[PDB]
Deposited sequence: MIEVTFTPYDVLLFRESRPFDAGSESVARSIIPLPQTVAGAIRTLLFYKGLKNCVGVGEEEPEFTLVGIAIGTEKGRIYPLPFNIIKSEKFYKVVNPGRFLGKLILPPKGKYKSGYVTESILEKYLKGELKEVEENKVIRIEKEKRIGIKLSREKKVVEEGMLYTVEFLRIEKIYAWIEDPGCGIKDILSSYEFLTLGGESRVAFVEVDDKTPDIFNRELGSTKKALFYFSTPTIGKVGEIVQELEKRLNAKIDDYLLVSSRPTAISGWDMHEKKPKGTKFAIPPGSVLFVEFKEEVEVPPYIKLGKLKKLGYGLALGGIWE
């Protein structure tokens, strides 16, 4: 599994022919050239890579295991939906009428958490999180022009991590030959770094238990019952009960490049949701597992956890 690290930058298209320089002078703008720089678009590599991206096919040959964002503090993740605000408290499943339920203890207040904290959470060692440990990401404001003015907002991010499973497309070699790549459908370019190793978060060892949990780190497409079904068959274990702690479905669209049309809308369990499972017999919880539809496009990344 390779780890690709993107460092995004917005592109400013400047002209050598401008009216008033007093403007850019007051802002102290400096335009320094970047010699020997290798740029390129993902709309061009997708350069021989045609042999791994089906023409008119929805998914590629390789699998995008998942994507995570990072700030100056490193990689961060949506605060697990069962962590309620008061200090933030971790609330585990209770029971009633033989059914797993989430005891009422307050409203969930969204935010992010560092991999460090999520790691303690997945091991069931986290009881609460000091509010200064919970991250809030500032929204970036841009004026969008499609190619009518638009309002474009997105999270203030420093890094984007992509985990890729390459069956033999030579992706590591292609990417390694580039320093910069312009993203898809945006005037953004990014620096590219490629590491030939799999991340710690995926090599964890949770041991074996009957009370397991699965944190959805990327949107996971599928009806609850189906996901719980896929989980049983994948782990060859029976699930006597489960509880999905989530908010509401998020609409996933996508562009069908073959049809020159938008893809059919799909609904997904949003990142941050936690699936609490109670197996019949002990299971050795995997560090991570892919569930639902469009796995190869990055959806369905679930991180294994434990609860008591």
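Can you list the gaps, numbered from 1 on the deposited sequence, where no C-alpha is modelled?
According to the record, the gaps fall at 47-48, 89-90, 152-161.
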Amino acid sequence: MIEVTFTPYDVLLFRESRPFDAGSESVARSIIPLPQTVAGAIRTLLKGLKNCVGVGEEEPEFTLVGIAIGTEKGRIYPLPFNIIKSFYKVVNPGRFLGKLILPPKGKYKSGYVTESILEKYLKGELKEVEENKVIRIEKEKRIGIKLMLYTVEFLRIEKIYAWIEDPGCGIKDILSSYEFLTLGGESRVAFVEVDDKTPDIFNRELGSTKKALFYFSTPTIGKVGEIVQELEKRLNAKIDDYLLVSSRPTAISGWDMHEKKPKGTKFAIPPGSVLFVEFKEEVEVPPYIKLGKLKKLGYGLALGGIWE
From here on, numbers count along this sequence of modelled residues.
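Check the entry's C-alpha temperature factors for 190-198 and 75-83, then say which stretch has the higher mean.
Per the deposited B-factors, the answer is 190-198.
So, looking at the entry's B-factor column for Cα atoms, which has the higher mean, 221-229 or 177-185?
So the stretch with the higher mean C-alpha B-factor is 177-185.
Could you check 134, 100, 162, 149 and tell me which one carries the biggest Cα B-factor in the deposited entry?
Of the options given, 149 has the highest CA B-factor in the PDB entry.
Whose CA atom has the top B-factor in the entry, of 265, 63, 250, 44?
Comparing C-alpha B-factors across 265, 63, 250, 44, the maximum falls on 44.
Which third of the chain does residue 277 land in by C-alpha B-factor: lowest, middle or highest?
Its C-alpha B-factor, which the entry lists for residue 277, ranks in the middle third among residues of this chain.
With respect to C-alpha B-factor, does residue 297 fall in the lowest, middle or highest third of the chain as deposited?
For residue 297, the deposited C-alpha B-factor lands in the lowest third.
C-alpha B factor of residue 157, ranked within the chain: lowest, middle or highest third?
CA B-factor rank for residue 157: middle third.
Mind checking which third residue 205 falls in for C-alpha B-factor across the chain?
Middle third by C-alpha B-factor.
Could you tell me which third, lowest, middle or highest, the C-alpha B-factor of residue 56 occupies within its chain?
Highest third, going by the recorded CA B-factors of the chain.
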